[PDB]
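Working notes for the structure below.
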Amino acid sequence: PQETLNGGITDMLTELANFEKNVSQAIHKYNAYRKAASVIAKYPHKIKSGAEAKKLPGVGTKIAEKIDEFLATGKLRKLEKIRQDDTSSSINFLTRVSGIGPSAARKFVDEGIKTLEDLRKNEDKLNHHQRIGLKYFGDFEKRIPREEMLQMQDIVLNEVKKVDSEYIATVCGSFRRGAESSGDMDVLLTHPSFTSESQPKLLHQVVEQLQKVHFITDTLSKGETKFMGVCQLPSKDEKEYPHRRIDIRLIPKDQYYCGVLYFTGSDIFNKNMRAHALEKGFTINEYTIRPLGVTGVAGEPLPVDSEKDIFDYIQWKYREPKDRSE
DNA sequence: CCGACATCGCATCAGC
DNA sequence: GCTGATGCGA
DNA sequence: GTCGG
Ligand SMILES: Cc1cn([C@H]2C[C@H](O)[C@@H](COP(=O)(O)NP(=O)(O)OP(=O)(O)O)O2)c(=O)[nH]c1=O
Ligand SMILES: [Mg+2]
Ligand SMILES: [Mg+2]
Ligand code: NA
Ligand code: NA
């Protein structure tokens with residue numbers, strides 16, 4: 001349904017969600033508000049009262065009261081107030097820097113560091129991740145057109161095969177769902193020699209090669225199985241491209257398709273597919289699918305050699321990635 | 001009344 | 001030195 | 001904040 005229908009309400013709830021996570025440090029209120037915003041966004045009617053909204057799962061007494069005030073006044077007294085509040089609004093904003101969470105944002109503001117300009121004057125007080133997040137603040141909030149994603153995929157697949165032709169690399173996330181644009185790039189990686197019981201260099205080799213051809217420009221974090229970094233397409237006369245976020249995960253061969261499924265998403269799709277994993281005694285994480293015991297204890301991971309099989313367990317017929325927005 | 005609310009890899013801190 | 005706890009992003 | 005044991 002159109003955003004115009006209840007966009008005022010869902011915007012209100014989303015904003016309330018952010019202040020709970022970032023300022024109050026209340027992650028479960030954050031999720032509570034997001035759940036309510038999500039169920040209202042789908043509601044195919046213009047809400048006329050808080051009582052009407054309360055019928056929806058996730059909308060309770062308090063949010064009903066808030067909707068009634070919003071409907072009556074076009075605003076929320078509490079939200080207007082915290083908006084004007086220099087301390088809280090500065091804390092909330094600083095968390096938009098990748099690496100600065102609710103705790104670090106609080107500490108910065110506590111000592112008078114409230115803006116991007118303040119952060120730029122105080123590099124000594126930032127860790128490696130936070131410096132990169134600051135350096136590319138604007139770029140990291142930009143979206144990536146599918147055309148650039150395809151160009152980015154071309155490079156990753158080419159360099160990965162160049163290192164070792166037995167590698168298998170899959171770009172997942174919103175890209176795999178065929179989305180017209182993405183927020184970042186999620187790469188899943190595997191190799192015939194790495195399974196449930198087996199170098200740390202398997203991931204390193206790839207990262208290093210992508211650095212060699214000057215695709216990967218910065219590193220946020222890098223372990224034996226998980227890389228988080230920054231990349232950039234080569235210049236065109238044309239201006240240069242924005243720097244983008246890219247993750248690369250090395251996953252055991254015998255867990256690849258659970259991984260591919262999990263990190264393809266969507267969030268809301270996985271949340272739904274997991275809920276019905278329960279439906280008839282299955283549990284699914286990013287590694288395995290397991291049967292639940294007679295009293296709810298998961299047993300042995302089952303064999304999986306395709307996304308298909310994971311569907312052949314909870315008894316749901318295959319959904320193409322393009323249909324997994326929900 | 002009151003506990004659950006998703007989970008995991010990596011960087012960094014708290015402390016022995 | 002080290003192990004364990006916490007912050008963080010996805 | 002919501003839900004339910
Ligand atoms: C944010 C998030 C994502 N995921 C999973 C589902 C996502 O589909 C997948 C990748 O995360 P993402 O890159 O933030 N989401 P996306 O790739 O579908 O969409 P976008 O274009 O990156 O915004 O990882 C979680 O399991 N827990 C999370 O908190
Ligand atoms: Mg993504
Ligand atoms: Mg991502
Ligand atoms: Na309700
Ligand atoms: Na942040």
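The figures here come from the full heavy-atom set of this structure, side chains too, leaving out hydrogens, waters and symmetry mates. In the text below, chain A, chain B and the rest are named by the order of the sequence lines, each starting its count at 1.
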Distance check needed: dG9(B) P versus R249(A) CZ, whole Å only.
8 Å
Residue that, paired with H276(A), satisfies ring pair (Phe, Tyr, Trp, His ring centres under 6.0 Å) out of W316(A), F311(A), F282(A):
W316(A)
Rounding to a whole Å, what distance do you find between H129(A):NE2 and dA11(B):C1'?
10 Å
Neighbours of DNA chain C within residues 100-128 of chain A, by heavy-atom distance under 4.0 Å:
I100(A), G101(A), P102(A), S103(A), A104(A)
May I have the distance from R245(A) (atom CZ) to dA10(C) (atom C1'), rounded to whole angstrom?
9 Å
Please report the distance, rounded to the nearest Å, between NZ in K29(A) and P in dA4(B).
18 Å
Starting from P on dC8(C), measure out to CD1 on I91(A) and report it in whole angstrom.
12 Å
Regarding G99(A), tell me which of base, sugar-phosphate or nothing describes its non-hydrogen contacts under 4.0 Å with the strands shown.
sugar-phosphate
From CG of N22(A) over to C1' of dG7(C), roughly how many Å is that when rounded to an integer?
13 Å
Closest to side chain of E286(A), choosing from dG1(D), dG9(C), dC8(B)
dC8(B)
Thinking salt bridges, do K78(A) and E69(A) make one under a 4.0 Å N-O criterion?
no
Whole-Å distance, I246(A) CD1 to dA10(C) P, equals 13 Å
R249(A)/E286(A) ion pair, N-O < 4.0 Å:
yes
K226(A) side chain near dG9(B) phosphate (N/O to OP1/OP2, under 4.0 Å)
no
How about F93(A) and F108(A): are their ring centres within less than 6.0 Å of each other?
no
Taking the side chain as every heavy atom from C-beta outward, state whether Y136(A) and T217(A) have any atom pair closer than 4.5 Å.
yes
So for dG1(C), where does the sugar sit by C1'-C2'-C3'-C4', north or south?
north
Taking only the side-chain heavy atoms of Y287(A) (C-beta and beyond), determine which of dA10(C), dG1(D), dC8(B) contains the nearest atom.
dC8(B)
Side-chain ion pair, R83(A) and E80(A), N-O less than 4.0 Å
yes
Distance check needed: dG9(B) P versus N285(A) CG, whole Å only.
10 Å
Side chain of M228(A) - closest among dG1(D), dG9(C), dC10(B):
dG9(C)
Grouping I, L, V, M, F, W and Y whenever their side-chain heavy atoms are under 4.5 Å apart, do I246(A) and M152(A) come out in a common cluster?
yes
Report which part of the nucleic acid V39(A) touches: base, sugar-phosphate, or nothing (heavy-atom distance under 4.0 Å, all strands).
nothing
What does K21(A) touch in the nucleic acid at a heavy-atom separation under 4.0 angstrom: a base, only the sugar-phosphate, or nothing?
nothing
For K222(A), which contact category applies under a 4.0 Å heavy-atom criterion: base, sugar-phosphate, or nothing?
sugar-phosphate
